[PDB]
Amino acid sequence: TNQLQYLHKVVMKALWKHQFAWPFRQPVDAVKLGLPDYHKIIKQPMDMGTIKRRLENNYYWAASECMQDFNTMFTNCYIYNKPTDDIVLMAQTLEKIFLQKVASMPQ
């Protein structure tokens, strides 16, 4: 759809190259990070690599479905990490760009 192309080529492109984006470009690897509680706390993991693949393989039926995945990725970050962790500030910054760009999504 027009909106899904916008989420792909405008929103995600902006978020993907951001300097705070690197932790979000692939799934959280709890083994490599030594976080054995991650998947006990976060039951719906999400990341931009997954969203991007879904956009490219036409997995989404509506823009809102893709926006829901972005939201899950951000709220997973807030739920799991300590308030004082840098990753929380990084997610907040990216999330604000997400909403800013979503406000201009063609309708």
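Superpose the two forms; the largest set of C-alphas matching within 1.5 Å is the rigid core. We number the residues from 1 along the sequence you see.
Of 66 to 74 and 30 to 38, the stretch whose C-alpha atoms sit farther from the shown form in 7 other deposited structures of this protein, after fitting on the rigid core, is 30 to 38. Mean CA temperature factor is higher for 25 to 33 when stretches 25 to 33 and 66 to 74 are set side by side in the entry. The mean C-alpha temperature factor is higher for 35 to 43 when 35 to 43 and 75 to 83 are set side by side. In the PDB entry, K9 places in the highest third of its chain by CA B-factor.
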